[PDB]
There are 2 protein chains.
Amino acid sequence: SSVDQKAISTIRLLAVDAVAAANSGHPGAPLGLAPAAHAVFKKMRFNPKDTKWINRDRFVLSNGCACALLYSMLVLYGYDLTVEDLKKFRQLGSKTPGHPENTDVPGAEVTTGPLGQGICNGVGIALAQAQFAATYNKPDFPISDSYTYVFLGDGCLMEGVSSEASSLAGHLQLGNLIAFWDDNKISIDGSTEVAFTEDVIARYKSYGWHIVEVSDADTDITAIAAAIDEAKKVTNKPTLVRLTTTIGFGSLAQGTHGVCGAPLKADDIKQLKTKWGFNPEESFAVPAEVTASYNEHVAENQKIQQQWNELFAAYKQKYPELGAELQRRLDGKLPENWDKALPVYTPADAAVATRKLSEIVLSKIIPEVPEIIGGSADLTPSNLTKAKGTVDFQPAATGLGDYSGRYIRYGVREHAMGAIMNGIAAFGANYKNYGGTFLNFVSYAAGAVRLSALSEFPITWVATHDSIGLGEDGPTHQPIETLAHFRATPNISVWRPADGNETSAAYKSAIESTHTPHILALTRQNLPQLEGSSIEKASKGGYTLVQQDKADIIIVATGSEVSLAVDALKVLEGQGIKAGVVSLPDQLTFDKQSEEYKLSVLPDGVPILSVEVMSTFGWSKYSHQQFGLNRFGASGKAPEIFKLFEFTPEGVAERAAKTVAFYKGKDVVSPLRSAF
Amino acid sequence: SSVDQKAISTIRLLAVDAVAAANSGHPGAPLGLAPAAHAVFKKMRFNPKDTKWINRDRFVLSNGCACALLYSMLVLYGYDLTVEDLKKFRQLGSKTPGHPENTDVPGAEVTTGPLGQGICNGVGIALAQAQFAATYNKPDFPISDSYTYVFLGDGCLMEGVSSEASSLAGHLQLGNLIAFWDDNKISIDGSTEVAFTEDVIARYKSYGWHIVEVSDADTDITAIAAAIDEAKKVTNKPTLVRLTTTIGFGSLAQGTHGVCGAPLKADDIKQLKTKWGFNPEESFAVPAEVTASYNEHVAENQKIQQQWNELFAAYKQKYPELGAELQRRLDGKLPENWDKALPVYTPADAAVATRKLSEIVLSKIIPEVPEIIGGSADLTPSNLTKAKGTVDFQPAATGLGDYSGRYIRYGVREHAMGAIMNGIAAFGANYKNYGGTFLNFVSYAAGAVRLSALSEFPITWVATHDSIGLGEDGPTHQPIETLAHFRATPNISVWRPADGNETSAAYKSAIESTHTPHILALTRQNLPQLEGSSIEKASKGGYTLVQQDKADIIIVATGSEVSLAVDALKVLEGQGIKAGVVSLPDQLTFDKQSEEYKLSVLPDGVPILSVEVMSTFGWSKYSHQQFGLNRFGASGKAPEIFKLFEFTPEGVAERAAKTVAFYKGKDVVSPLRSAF
Ligand SMILES: Cc1ncc(C[n+]2csc(CCOP(=O)(O)OP(=O)(O)O)c2C)c(N)n1
Ligand SMILES: Cc1ncc(C[n+]2csc(CCOP(=O)(O)OP(=O)(O)O)c2C)c(N)n1
Ligand SMILES: O=C(CO)[C@@H](O)[C@H](O)COP(=O)(O)O
Ligand SMILES: O=C(CO)[C@@H](O)[C@H](O)COP(=O)(O)O
Ligand SMILES: [Ca+2]
Ligand SMILES: [Ca+2]
């Protein structure tokens, strides 16, 4: 219609003008996708004034560099984002950053831009929706029936992470996921003929996706809407809608890679506007008829949400227990005193691997906290991430699980597991979700892990086999750089618990988290229960395990090296050296403590030696000398590897004694002191 | 035949016995794949006594946990690996580590185990072979005509990196790549029905691969050999051979996930041996008839290599220039004085972004060093990785390039680009190959990058847009943790050149490298030519740029922050503070210098402040105080971001002055000093 065309032109020109004002950014895909964005948002249920409505449809822009398009949609629909914000596109401190950030942009469900992530986030949103609906929906009470709409480009389809997630989403028959491929035959290097000639459609059919092809997505918004209708009929397959578009549609440079990621020339913008009936002298024009048309859809959606609120109230009357649970989750609140389920240990209990302590924690807290779900990337019997008696998340048609299940079989797909976890957290409803693999292969998922931190999502990696302690699998499996990498990433809690109490503290942090992803570095090998550990002390991230007034040295250690440090203390005593021991199960949590608390753990006037069997990077924040492993490991029985590298009570004692001698007659201040 | 069956049983039992002796490891896939390994090695051309013969067929075990199978093959064929080594499987210091390592295992082309890597390495070996053959082959001189055989499992097929590489390998029509899928319907979590139900075959057809299906790969070695013959007829498609096998074939626990990764029970091993005609009381049995049969094939292969050597000698007679070039490369030697092509700059030259300096270096050295090839992951016009006038590596049938081309269009496939680079280096012939992306997205390829370091491959990442200096794309694009991560990985040179001379030094290191991967962290933004820089000094990794006898402080910086440090020196002079400046373009290279050299750069008795606009991790090796960025970045014009975070001459000067005050009346020793 005339107003549809005008809306599409408005979107296109807002995006182009935003890029022009910044003299930076990507106008091509916004021009090519504005018809589809118009059609999809008209089909979506959402409330610009309540971005957290749990039964909203979700939209994810996986091709995040097209975000001038997303921002234009959000402005036009009256989210908390204005034309003045668009005018500050890509400007320092603005609400319109160069790639969409869920923490900064109202209506941005996730942080995208790194290619491949958004579509996987969409799989996770759709996974959560299916699980949520199976958990809460009752006859006559469709509490959850929302869709997940994803836009993606060729770039996302080239990134392996999207293949992983698309395979898994097809396997999981996620019929409320509808993704749209911007099939514009152009990427940054030029035509896709130079690097991307696969039959995408045949590939997606091989995953079990439904396909709808829209041959003229530059203009045929009727076919785009019909493709959504068709997709919604196919309740047991995610759908890929092939949008054949011209990148930069309308531009003089349409269909060229130059329109991909540079501002258009001024004269190009003038002819765009004139051909579409706009004033070439005007920027950021918003015809009131477009606002009005969009406001009609908002009003209708707000009435749908109003009715949903009444449906929820009637739900709480009919299903008081489920209803109260749901309200609690939508309030962002864990069950009262849920943490009384955390296992507690004493020094009289047996040695246990922290992977096994983790299993035991999950077995106790999963029954108490329904919003915990999680899985493993094909390492369930090694990470120990499933609680006996839970059922797998599977479409019931397979006979292998149900959508009400709580345990996800991710397969050998660490990267997509990371990004799917981000989408599950993004869904909301207080989901506290986790994913298991070996610590060394969390690195396969770095692209997503970093976005967990940037997005402030409380996801949890259950990262077992944390060190040379795993033994025979050898240096291809043994972390060296991994903790340093993730500790150097802002906003990642990297817990390396030493024993049962510390593992309960780690999970207490990970589950209570609302804005910080967690990585739990867990052992293959057994560790003793420590004298002096508790959930309370370990919850401070770092704490004095063995207090030694008159210490000649303090040894600060994590995980499996805390027990080693305690054994070294006994060797040192025989050498006439008095040591204290600090356990530092999470450096981030410790960092957040008060300066006085931190100085009580790492005081002035005593040399401090760190001990952790991987990179020494970062450890100078907490120590004067560092005993770590800065070379790759070895394939052998773990105790022999530790002996080889002198991570023995005697080897630690030797380096502690050298540290005491090194600082003899020097003044020593806490590593916590800084010049600035 | 009878001896074929006996060889297959020998292989199976060597593998099972190796796992049994270690009481650790994976017997299931070795049992299921021994028939195929027997058939493939019989088709392969190789010399156990010359593992570097450049026209050998290559074999890659992508499912590296099956390496008891690889080791058994290598022992049986008389590589420098014995039955005594097998008996030390997974034992500290042995030549039979738990996953195959090219540095430790004769006949292991690459380091595998991390799933997905090997098949991508195979794509790279096959890419190099195609390029090598196109470069050197002449009529009547098939210098290079070898195949690349890869075994892989379901796990590798689930990992996104293999999808990337398989898409690209199909695009590249790599007809000498033959991969074999162990289709045994089992992974660690159980049946593949729980997580991996895609139509693998249809997917591979969608990439343009040829398919051969072997329905009984437990016994039909005739069909496996015929599938190789068929694959070799299809010269314009890589082939996937579907091997339908029983995991753990023969074991009481065959076809169960328990046979995947745990030693078999002793009684199981007894019945294996009895059913196949072996002595259940005997371990590591090697029937001499199997040795003999295998030695016949070796002798035939050695005669093929002998004839190849004569073909090469005749080649050098007919094509003296090409022949001498080829001999030089097979000797591992760069062209004499190739480095005289490196650009050199003075302080009178204009400011240049180090990405552009990189382009200029490549434009000068590519014509001089034919063994340089490389590409970009769809960022060619942003990384600036193509030299004008080179042609792309493409099958000529596309019209878009030729296999003699030297520039690879990797598409948006960073992880596979990493692992393909490892395979290109693994091919040998002195290939010095590179791959461009933004530094922040090198992290997508961490799984492969770590294996570059562990494998000692001289690959090069051309990693542009290294910091907040890139500006508007914002925090999803700006590295914070990235250098710390890779610097904390053993054996990665992480060059962050400050100017033209330093960028030439970085490439001199990267191209001369034979055992160390390089990451070149390069700027989007322009940087000045520094007074005091040179290729000679920067080649030391760290060097005194501005010497100040009587320094009150030394500022050590890298890349874009070296110019900042020099500007801070001028501010400090006005505040009555004398500073020196150290440039540290590669910490690893610097670390390898003599202790006296390093102390001349970072002396005792002077506080040292580091300045680098990302994580402060690692910097305490070189400084007393660290000025870095330990939070995510921001979307804005780069100079405004630097101002926001006070990476300005005044902000650096302020922190330098606080550092001088902090150490007033303290004794200061070089950060290079250690207690142990
Ligand atoms: C993981 C990752 N790699 C590389 C980039 C850089 N990049 C942004 S867009 C883009 C091109 C992808 O092309 P396409 O998705 O087809 O976008 P279109 O040009 O059609 O808008 C690339 C390589 C990125 N943002 N993330
Ligand atoms: C990147 C990566 N993720 C996880 C692992 C752990 N792992 C080793 S084998 C394996 C199972 C893969 O199953 P499959 O390849 O089908 O091997 P099969 O059991 O049939 O021998 C897993 C998950 C790994 N080695 N590398
Ligand atoms: O080794 C691998 C990865 O290649 C897995 O098969 C697990 O390592 C199984 O062993 P556990 O450590 O769980 O006992
Ligand atoms: O921004 C992206 C990645 O999303 C690319 O489109 C490049 O950033 C293009 O800009 P230059 O920095 O090369 O000028
Ligand atoms: Ca495209
Ligand atoms: Ca399998």
Side-chain angles (χ1 to χ4, degrees), chain A residues 24-26 28 63-67 98-99 112-115 155 187-188 257 260-262 353 355 376-384 410-415 437-438 440-445 464-465 470-474 476-477 524-525, chain B residues 24-33 62-67 69 98-99 112-117 151-161 181-190 192 196 245 247-248 256-257 259-262 353 355 378-384 437-438 440-441 447 464-465 470-474 476-477 524-525:
Chain A
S24 176
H26 307 78
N63 51 328
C65 61
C67 61
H99 297 85
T112 56
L115 292 167
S187 72
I188 284 191
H257 73 88
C260 171
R355 66 171 168 160
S376 169
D378 199 48
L379 285 168
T380 296
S382 300
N383 303 154
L384 309 182
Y410 282 100
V412 196
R413 300 180 182 103
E414 299 81 8
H415 200 177
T437 184
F438 293 156
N440 199 48
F441 301 136
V442 178
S443 304
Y444 271 46
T464 70
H465 295 56
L470 71 85
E472 289 89 336
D473 281 343
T476 59
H477 281 56
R524 189 184 188 230
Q525 75 274 21
Chain B
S24 176
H26 307 78
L31 287 163
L33 287 169
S62 192
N63 51 328
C65 61
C67 61
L69 172 67
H99 297 85
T112 56
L115 292 167
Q117 301 288 330
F151 282 10
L152 73 164
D154 300 314
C156 288
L157 292 174
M158 281 182 262
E159 285 288 3
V161 70
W181 166 32
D182 188 12
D183 172 27
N184 62 18
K185 296 176 180 57
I186 293 283
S187 72
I188 284 191
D189 271 24
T192 55
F196 182 59
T245 75
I247 187 176
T256 70
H257 73 88
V259 91
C260 171
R355 66 171 168 160
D378 199 48
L379 285 168
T380 296
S382 300
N383 303 154
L384 309 182
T437 184
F438 293 156
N440 199 48
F441 301 136
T464 70
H465 295 56
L470 71 85
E472 289 89 336
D473 281 343
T476 59
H477 281 56
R524 189 184 188 230
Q525 75 274 21

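Every heavy atom of this structure was used, including side-chain atoms; hydrogens, water molecules and symmetry mates were not. In each ligand, atom 1 is the first atom listed, and ligand 1 is the first ligand listed. Each chain gets a letter, A, B and so on, in the order the sequences are listed, and its residues count up from 1.
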Any non-hydrogen atom of B:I247 lying under 4.0 Å from ligand 2?
yes
Nearest non-hydrogen atom to atom 13 (O) of ligand 2 belongs to which of B:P27, B:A66, B:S187?
B:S187
Consider only side-chain N and O atoms of B:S187 and B:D154, and report whether a donor and an acceptor are under 3.5 Å apart.
no
Atom of A:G113, atom of A:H99 and distance for their closest heavy-atom approach:
CA-CD2, 3.6 Å
Please verify the inter-ring angle class for A:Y444 with A:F441; under 30° counts as parallel, over 60° as perpendicular, anything in between as tilted.
perpendicular
Quick one: does ligand 2 sit under 4.0 Å from the side chain of B:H26, the backbone, both or neither, non-hydrogen atoms only?
neither
Aromatic ring centroids of A:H465 and A:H477 under 6.0 Å?
no
Which of the numbered atoms in ligand 2 are below 4.0 angstrom from a heavy atom of B:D154?
15 (O), 16 (O)
Please identify which atoms of ligand 2 are closer than 4.0 Å to at least one heavy atom of B:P114.
26 (N)
Assess B:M158 for proximity to ligand 2: is some non-hydrogen atom of it under 4.0 Å away?
no
Should B:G113 be listed as contacting ligand 2, given a heavy-atom distance under 4.0 Å as the test?
yes
Which pair of heavy atoms, one from A:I188 and one from B:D378, lies closest together, and at what distance?
N-OD2, 2.9 Å
Nearest heavy atoms of A:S376 and A:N383, plus distance in Å:
OG-OD1, 2.9 Å
For ligand 2, is there an N or O atom under 3.5 Å from any N or O atom of A:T437?
no
Who's the nearest protein heavy-atom neighbour of atom 1 (C) of ligand 2, and how far?
B:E159 OE2, 3.1 Å
Give the residue and atom name of whichever protein heavy atom lies nearest to atom 10 (C) of ligand 2, and the separation in Å to one decimal.
B:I188 CD1, 3.3 Å
Would the distance check show the side chain of A:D473 and the main-chain N or O of B:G98 forming a donor-acceptor pair, the cut-off being under 3.5 Å?
no
Name the option, out of B:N184, A:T380, B:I186, B:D189, that contains the heavy atom nearest to atom 16 (O) of ligand 2.
B:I186
Atom pair CG (A:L379) and CG (A:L384), whose distance is rounded to the nearest 0.5 Å
10.0 Å
Quick check on A:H477 - does any of its heavy atoms sit under 4.0 Å from an atom of ligand 2?
yes
What protein heavy atom is closest to atom 6 (C) of ligand 2, reported as residue, atom name and distance in Å?
A:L379 CD2, 3.8 Å
Students should be able to answer this: which protein heavy-atom is nearest to atom 3 (N) of ligand 2, and at what distance?
A:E414 OE2, 2.6 Å
After noting the C-alpha distance and the side-chain angles of B:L157 and B:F196, does the key distance pass the side chain to side chain contact (heavy atoms under 4.5 Å, CB included) rule?
CA-CA 9 Å; B:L157 292 174; B:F196 182 59; 3.7 Å; yes
For A:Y444, the atoms of ligand 2 under 4.0 Å from one of its heavy atoms are 1 (C)
What protein heavy atom is closest to atom 19 (O) of ligand 2, reported as residue, atom name and distance in Å?
B:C260 SG, 3.0 Å
Validation row: B:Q117, B:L115 side chains within 4.5 angstrom (heavy atoms)
no
Is there any N or O on B:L115 that sits under 3.5 Å from an N or O of ligand 2?
yes
Non-hydrogen atoms closer than 4.0 Å to ligand 3: which protein residues do they belong to? List them by chain and number, please.
A:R355, A:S382, A:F438, A:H465, A:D473, A:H477, A:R524, B:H26, B:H99, B:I188
Would you name the heavy atoms of B:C156 and B:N63 that are closest together and state the gap between them?
SG-N, 4.1 Å
Quick test: of every protein heavy atom, which one is nearest to atom 21 (O) of ligand 2, and how far off is it to 0.1 Å?
B:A29 CB, 3.3 Å
Mind checking whether B:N63 has a heavy atom under 4.0 Å from ligand 2?
no
Rounded to the nearest 0.5 Å, what separates atom OG1 in A:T476 from atom CG in A:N440?
7.5 Å
What is the nearest protein non-hydrogen atom to atom 15 (O) of ligand 2, stated with its residue, atom name and distance?
B:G155 N, 3.1 Å
CA sep, side-chain torsions, deciding dist, call: B:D189, B:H257, side chain to side chain contact (heavy atoms under 4.5 Å, CB included)
CA-CA 7 Å; B:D189 271 24; B:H257 73 88; over 6 Å; no
Under a 4.5 Å cut-off applied to non-hydrogen side-chain atoms, are B:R355 and B:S382 in contact?
yes
Of all heavy-atom pairs between B:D182 and B:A29, which one has the smallest distance, and what is that distance?
OD2-CB, 4.0 Å
For atom 24 (C) of ligand 2, what's the nearest protein heavy atom and its distance?
A:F441 CE1, 3.4 Å
Which heavy atom in A:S24 sits nearest to a heavy atom in B:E472, and how many Å separate them?
OG-CB, 3.3 Å
